[PDB]
Chemist: 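Shown below is the structure under consideration.
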2 protein chains.
Amino acid sequence: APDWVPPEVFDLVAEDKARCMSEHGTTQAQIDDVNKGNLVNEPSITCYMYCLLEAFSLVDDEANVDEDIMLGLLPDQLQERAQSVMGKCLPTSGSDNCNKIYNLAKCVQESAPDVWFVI
Amino acid sequence: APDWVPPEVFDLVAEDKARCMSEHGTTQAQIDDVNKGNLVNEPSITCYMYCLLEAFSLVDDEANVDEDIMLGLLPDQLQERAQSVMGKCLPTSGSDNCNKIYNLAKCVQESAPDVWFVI
Ligand SMILES: CCCCNS(=O)(=O)c1ccccc1
Ligand SMILES: CCCCNS(=O)(=O)c1ccccc1
Ligand SMILES: CCCCNS(=O)(=O)c1ccccc1
């Protein structure tokens, strides 16, 4: 992940990472690819992102981001940049929940590739 | 219903929607509620879902689901997502036909909000 990610997040997500990878057939290799800017629209990775976001209430049942909860989780250092990115990329839109998260990731990647990551 | 639902289904279901709502005392408000994630175990809605499924030959007289045709009628991306969810949530179980379909809908909505919809 990017160097700014708080160490605690790696432990906080561990339980849901395992569950979500199992549920969606996700490989660590796919995850490693999102982080190197190589995102593809395949449910095994896009629904995995949805799954992990939902675990932390970062999105609701229609894959709309909760900006407050997202800003809460992000370090103080990223507040300004993240708020700008959210302004540009939200609300989410797409045919289903996984597509909404794919579309969101692509939007964030355009301006701010280091703000999005997959764990 | 979700944005991914094929346009054709709204016309294809119309005849059976009328018949099934009439048979079960269903109101549109109840159908709207399911699509908002507010599924309640009332036979006027749970038996309605059974009735629509039966109309498409997706259930038999004991609310056994035809997994292969149900999956086959879904768009490609939903079909992929649904393979794992239906793997988990099928076969149906419950005290009667309407409870079996309630339990199925609840199971699907827990993993995959945006997959179980009603018209
Ligand atoms: C801008 C943030 C990116 C979110 N991507 S993620 O689904 O892998 C995820 C990462 C961390 C916590 C929850 C989900
Ligand atoms: C001919 C129209 C196809 C129906 N496709 S559907 O995705 O709405 C669907 C509805 C109910 C069960 C499975 C799929
Ligand atoms: C993924 C399957 C959803 C089934 N929901 S339904 O039984 O109300 C229904 C909707 C549309 C056509 C037939 C049945």
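We name chains A, B, ... by the order of the sequence lines, and we start the count at 1 in each one. Hydrogens, waters and symmetry mates are skipped; everything else that's a heavy atom, side chains included, is used.
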Chemist: Which atom pair, heavy atoms only, marks the closest approach of B/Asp60 to B/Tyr50?
Modeler: O-OH, 2.8 Å
Chemist: Just checking, any donor-acceptor pair under 3.5 angstrom between side chains of A/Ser111 and A/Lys88?
Modeler: yes
Chemist: Looking at B/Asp68, I want to see if its CG is surrounded by more than 12 non-hydrogen atoms of other residues, nucleotides or ligands under 6.0 Å.
Modeler: no
Chemist: Does A/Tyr48 share a hydrophobic cluster with A/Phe56, counting links as ILVMFWY side-chain heavy atoms below 4.5 Å and allowing steps through other members?
Modeler: yes
Chemist: Which heavy-atom pair separates B/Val5 from B/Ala1 by the least distance, and what is that distance?
Modeler: CG2-CB, 4.1 Å
Chemist: Salt-bridge test for B/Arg19 and B/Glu15: reply yes if a basic N is under 4.0 Å from a carboxylate O, no otherwise.
Modeler: no
Chemist: State, to 0.1 Å, how close B/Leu71 and B/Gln79 come at their nearest heavy-atom pair, and which atoms those are.
Modeler: O-NE2, 3.1 Å
Chemist: How long is the span from the CG atom in B/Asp3 to the CG atom in A/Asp96, to the nearest 0.5 Å?
Modeler: 9.5 Å
Chemist: What do you reckon, is CD of A/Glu62 surrounded by more than 12 foreign heavy atoms closer than 6.0 Å?
Modeler: no
Chemist: Quick check on the hydrophobic clustering: are A/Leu12 and A/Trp4 connected, directly or via other members, by side-chain heavy-atom contacts under 4.5 Å?
Modeler: no
Chemist: Determine whether the side chains of A/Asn99 and B/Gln77 contain a donor N or O and an acceptor N or O closer than 3.5 Å.
Modeler: yes
Chemist: Give the minimum heavy-atom separation between A/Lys17 and A/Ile119, together with the two atoms involved.
Modeler: NZ-O, 2.6 Å
Chemist: Determine whether B/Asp33 and B/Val40 satisfy the following criterion, side chain to side chain contact (heavy atoms under 4.5 Å, CB included), listing intermediate values before the conclusion.
Modeler: CA-CA 9 Å; B/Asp33 261 72; B/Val40 295; over 6 Å; no
Chemist: Any luck finding a side-chain donor-acceptor pair between B/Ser44 and B/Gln30 under 3.5 Å?
Modeler: yes
Chemist: Taking it one step at a time, do A/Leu73 and A/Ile69 satisfy side chain to side chain contact (heavy atoms under 4.5 Å, CB included)?
Modeler: CA-CA 6 Å; A/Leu73 191 60; A/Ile69 293 172; 5.8 Å; no
Chemist: How many angstroms lie between CD in B/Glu80 and SG in A/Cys98, if you round to the nearest 0.5 Å?
Modeler: 9.5 Å
Chemist: As an exercise, state the distance from CE of B/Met21 to OG1 of B/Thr27, rounded to the nearest 0.5 Å.
Modeler: 6.0 Å
Chemist: For B/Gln83, I'd like to know if atom CD has over 12 heavy atoms of other residues, nucleotides or ligands within 6.0 Å.
Modeler: no
Chemist: Decide yes or no for B/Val34 and B/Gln109: does some side-chain heavy atom of the first lie under 4.5 Å from some side-chain heavy atom of the second?
Modeler: yes
Chemist: Side-chain contact test, heavy atoms from C-beta onward, threshold under 4.5 Å: evaluate it for B/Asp66 versus B/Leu53 and give yes or no.
Modeler: no
Chemist: Quick one: do B/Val59 and B/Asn97 satisfy side chain to side chain contact (heavy atoms under 4.5 Å, CB included)? Show the steps, please.
Modeler: CA-CA 10 Å; B/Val59 290; B/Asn97 282 359; over 6 Å; no
Chemist: Please round to the nearest 0.5 Å and tell me the distance separating atom CD1 of A/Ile101 and atom CG of A/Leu39.
Modeler: 11.0 Å
Chemist: Under 6.0 Å from the CD atom of A/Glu8, do we count more than 12 heavy atoms belonging to anything else shown?
Modeler: no
Chemist: Can you get from B/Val85 to A/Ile45 by hopping between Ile, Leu, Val, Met, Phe, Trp and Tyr side chains that sit under 4.5 Å apart?
Modeler: no
Chemist: Inspect the surroundings of CG in B/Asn38 and state if more than 12 heavy atoms from other residues, nucleotides or ligands are less than 6.0 Å away.
Modeler: yes
Chemist: Is B/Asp114 paired with B/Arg81 through a side-chain N to carboxylate O contact shorter than 4.0 Å?
Modeler: yes
Chemist: Of all the heavy-atom pairs spanning B/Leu52 and B/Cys20, show the shortest one and how long it is.
Modeler: N-SG, 3.8 Å
Chemist: Would you give the length of the straight line joining atom OG of B/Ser84 to atom CD of A/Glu23, rounded to the nearest 0.5 angstrom?
Modeler: 8.0 Å
Chemist: Are A/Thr92 and A/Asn64 close enough that a side-chain donor and a side-chain acceptor fall under 3.5 Å?
Modeler: yes
Chemist: Please report the shortest heavy-atom distance between A/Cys89 and A/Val108, naming the atom on each side.
Modeler: SG-N, 3.7 Å
Chemist: What's the spacing between B/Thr46 OG1 and B/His24 NE2 if we round to 0.5 Å?
Modeler: 8.5 Å
